[PDB]
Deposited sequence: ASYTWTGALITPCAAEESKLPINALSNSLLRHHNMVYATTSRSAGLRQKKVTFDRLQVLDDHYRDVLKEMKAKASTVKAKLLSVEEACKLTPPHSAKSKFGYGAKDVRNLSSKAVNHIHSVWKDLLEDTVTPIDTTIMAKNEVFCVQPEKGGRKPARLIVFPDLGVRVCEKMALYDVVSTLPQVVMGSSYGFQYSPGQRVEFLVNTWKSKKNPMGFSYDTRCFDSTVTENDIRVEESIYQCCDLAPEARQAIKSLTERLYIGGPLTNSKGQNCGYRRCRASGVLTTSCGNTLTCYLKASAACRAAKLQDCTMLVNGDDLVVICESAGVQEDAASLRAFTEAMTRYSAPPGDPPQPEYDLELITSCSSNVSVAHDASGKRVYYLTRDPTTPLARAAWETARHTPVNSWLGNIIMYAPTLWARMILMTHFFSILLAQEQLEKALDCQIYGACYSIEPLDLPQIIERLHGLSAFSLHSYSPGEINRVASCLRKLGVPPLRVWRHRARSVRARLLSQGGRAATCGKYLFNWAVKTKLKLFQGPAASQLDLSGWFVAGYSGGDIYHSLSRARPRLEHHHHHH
């Protein structure tokens, strides 16, 4: 059973905002504020019913053939332990405080109280490889639009354990998946690299067929054998005997399961599946999903199939054998996945147009550059990104989703017209363009200076990201519908706001004038010629798009010279 419950409630640790706070700045983004809600602990019971069930898992020679192949590639990886200090510097500054009298700032500053407790948690992992470690169960406060959705749940150990996880497994979860999975590992790609992989893979098939597979409650479908199988993959690496012991221990004491404690210290129940807030959530889920999907591909006898995995998110592109044969092949793949304990949520179906395949809430779309050439870029429905941006305008947040969206979806119609214009306008008026903001890229937290956005966008997306026009009608209709749905002003209100912001930025010189020139070139009557090359101070963007760290509690720093 994925979970058992004591009856104790999942409790909030503070007052939870449920509805969007009206603001004379929030209303300039969207009028219809009633459409925007935030999930709360009051819907935890609805989530608990969904995530609670018995698993049925039947492994076969296909699963075993794939596992052995993965284990072979895993054996070529050498991973080193991090020092207490290396692991302390990887902690986000607003990471949950320890129950042992210290917090993220104390960990990041290497306080004797933190460090000495971190040494003791570590010594216990080496001496006890059995006693379940305590975890906290919370309900996530995530902002959405109505179409009404229950709070997703977060399970995580204490700050001391989290630093110990980094020490034992940061090098593994950063290095291992790409070696084992190759081109199928999604987090090695920037949005543009993902699109390149998808478009080239589609173009490589005589008769392309594609599909996304949605596993219903993937974390709940992850059985204790699944977590023992990931550890056996981790143990295939060239590791020091101390890392091996800490990895074995972290597995049996934490990753396979353990007791759930609410915010007021009451025992909620017991977990026997994936913890969403441990270092290995991303890596483990990616390995497990790729393993199950790769073996199901063989069971289904799918022809020349290529898959792209990002945690629980899977997309498979193969050679179509006709609509009838493809539906039957997909029944075979779904039946195999079900046996491996990965049954579908939304049932999969073949698709014969790459724009119509959604994976990672995203799809490949097409636009034209300044020279009129076709440019494939990654887009998504802008509802959730826009609703979150409205919430971030009204109420202060530690992590700014609008900036991570501007970075990942920079070539898109909606990020450029709305998000860039809105937040550069706010930052100008507030005199805070220089101030670095915290945001997430593939789960990891980064402190990014907004004045560096033309340089960031150019490196990840290309100079075309500033000249894209003639977007597909399907993209336009989805964006247009969303503006009409949420009460977002039309293009003409955004072009005046953009021209005004552009003039104001150019008058300031420096990095500000670069933002004006580059970001808002779409606003002016006749676009200026833009040329490629580096900026006066080039950031180190190599650590970005290496691995996924969602739930991992990872914080990355930016170099420059």
In sequence order, the deposited stretches missing their CA atoms are 148-152, 567-577
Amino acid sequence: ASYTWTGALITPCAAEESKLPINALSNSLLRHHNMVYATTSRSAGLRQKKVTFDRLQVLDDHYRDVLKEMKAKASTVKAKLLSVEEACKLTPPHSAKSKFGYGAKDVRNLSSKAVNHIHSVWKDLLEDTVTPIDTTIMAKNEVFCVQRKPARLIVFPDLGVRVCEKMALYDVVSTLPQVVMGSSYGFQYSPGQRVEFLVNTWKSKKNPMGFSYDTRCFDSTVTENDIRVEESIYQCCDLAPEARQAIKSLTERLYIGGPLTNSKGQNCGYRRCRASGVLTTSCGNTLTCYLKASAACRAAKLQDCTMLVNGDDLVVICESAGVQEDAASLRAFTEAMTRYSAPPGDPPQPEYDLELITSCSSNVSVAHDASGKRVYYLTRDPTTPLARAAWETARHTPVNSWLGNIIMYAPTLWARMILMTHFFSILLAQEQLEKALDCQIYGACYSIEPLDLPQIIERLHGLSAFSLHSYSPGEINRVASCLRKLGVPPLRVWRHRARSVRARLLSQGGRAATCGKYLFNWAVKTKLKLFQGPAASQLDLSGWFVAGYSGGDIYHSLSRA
From here on, numbers count along this sequence of modelled residues.
Mean B factor on CA atoms, stretches 252-260 and 364-372, record says higher is 364-372
Higher avg CA temperature factor (548-556 vs 17-25, as deposited) belongs to 17-25
Listed options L67, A536, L59, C515: highest C-alpha B factor recorded at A536
Comparing C-alpha B-factors across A336, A394, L81, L291 in this entry, the winner is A394
Binned into thirds over the chain's modelled residues, the C-alpha B-factor of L519 lands in the lowest
Tertile call for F144 (CA temperature factor, within chain, third-based) is the highest
By the entry's values, the third containing the CA B factor of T223 is the lowest
In terms of its chain's C-alpha B-factors, the third that includes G277 is the lowest
Chain thirds by Cα B factor, record data; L176 belongs to the lowest
